[PDB]
Amino acid sequence: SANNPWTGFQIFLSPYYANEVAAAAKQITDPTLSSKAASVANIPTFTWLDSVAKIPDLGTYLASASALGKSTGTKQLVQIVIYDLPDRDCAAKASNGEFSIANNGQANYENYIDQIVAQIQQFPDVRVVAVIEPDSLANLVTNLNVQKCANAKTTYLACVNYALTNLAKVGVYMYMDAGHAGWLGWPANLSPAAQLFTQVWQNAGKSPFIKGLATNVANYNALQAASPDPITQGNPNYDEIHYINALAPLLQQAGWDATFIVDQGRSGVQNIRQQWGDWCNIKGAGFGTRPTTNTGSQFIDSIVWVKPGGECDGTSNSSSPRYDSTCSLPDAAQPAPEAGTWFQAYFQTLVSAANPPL
Ligand SMILES: OC[C@H]1O[C@@H](O)[C@H](O)[C@@H](O)[C@@H]1O
Ligand SMILES: [Cl-]
Ligand code: NA
């Protein structure tokens, strides 16, 4: 498309991740891995609004970006993830969140969106790019037999619609999460996915701020694999560019020339999983291609780092209410702390295994 949200902007670096990385780098005991680890804080990432408590930090990021832009004569761009649906993470245990459908979840969620909108409205010289609700829509394509997801469907659609509709009013550029090649990229899932994304786009009034879709968020797939990972057997769409190339024409037929962003923050090391569905703290992952608008594809606006590597995907402790057996598989790094908390050993391996190297 003509308007790539990133062109002409300088990305505001996540202060949240910067603080995690600075603390982590000081604990890496070779001075050269430590300098490479510290350099990660200069790589743009998405900051997750995974609880309502963080909304005031969004406010600080916007105001800090505005001042940095003025001090430098640049236009600044803040990257966020909207991730607080009620009955969040409906097909897994590790990332259940603060809101529940049974306890006013939708009303709570819409209040969370209102508070985000109210922050963004105050800083019109800062651009915002938001990834909308990782996993939610993909779960509504393949996981309607999961009763928690079935029972969540109407609420998820309402909440996502509220987010899209209201963030559009403050000019936020949005990419709705769309799973990954091993999830929605199976040829047989492409059309049900496109049909859902089309519905969602229509219900939010087709705002031009809804740019398209995000893929591979918090996953590990290649964008363009040298050879298919053996986990992909049976699926000709073995990497994200095959998935996107196959999905985008369906969206175009349905009236929407969508564009895409692709997470590569934990994609540096391929062929490290037993099964494709192994998503949790996959051992040996490395930082992948750095964010760039040099994407290799007409459909892809940017390679991005959405999941911030080093932040855990889920606990391996089976005494936790958030224990998911995926997080104690043989290819899952163990022991692992709660999802969203820092996992130092995992970060250092991401640094050592980075490809391209840091
Ligand atoms: O690290 C990014 C996000 O990862 C998710 O798996 C966690 O549930 C969130 O708490 C965190 O914000
Ligand atoms: Cl079930
Ligand atoms: Na997750």
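Counting convention: from 1, in listed order, for ligands and their atoms alike. Any value given below was found using the heavy atoms of this structure, including those in side chains, with hydrogens, waters and symmetry copies removed. The first residue in the sequence is number 1, and the count goes up from there.
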Among non-hydrogen protein atoms, atom 6 (O) of ligand 1 lies closest to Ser95 OG, 3.2 Å
Thinking salt bridges, do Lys307 and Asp313 make one under a 4.0 Å N-O criterion?
yes
Of all protein heavy atoms, the one nearest atom 1 (O) of ligand 1 is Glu311 OE1, 2.7 Å
By number and element, which atoms of ligand 1 are closer than 4.0 Å to a non-hydrogen atom of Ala339?
8 (O)
Shortest protein heavy-atom distance from atom 9 (C) of ligand 1, along with the residue and atom involved:
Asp50 OD2, 3.7 Å
To the nearest 0.1 Å, how far is atom 4 (O) of ligand 1 from its closest protein heavy atom, and which atom is that?
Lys307 NZ, 2.9 Å
Looking at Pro308, which atoms of ligand 1 are within less than 4.0 Å of one of its heavy atoms?
1 (O), 2 (C)
Would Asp229 and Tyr238 count as a side-chain contact (heavy atoms from CB on, under 4.5 Å) here? Give the steps.
CA-CA 7 Å; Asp229 185 325; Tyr238 52 83; over 6 Å; no
So, applying side chain to side chain contact (heavy atoms under 4.5 Å, CB included) with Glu240, which one of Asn219, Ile300, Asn216, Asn245 is it?
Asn216
Are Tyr17 and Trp305 close enough that their ring centers fall under 6.0 Å?
no
Hey, any chance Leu144 and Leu157 share a hydrophobic cluster, counting ILVMFWY side chains that come within less than 4.5 Å of each other, even indirectly?
yes
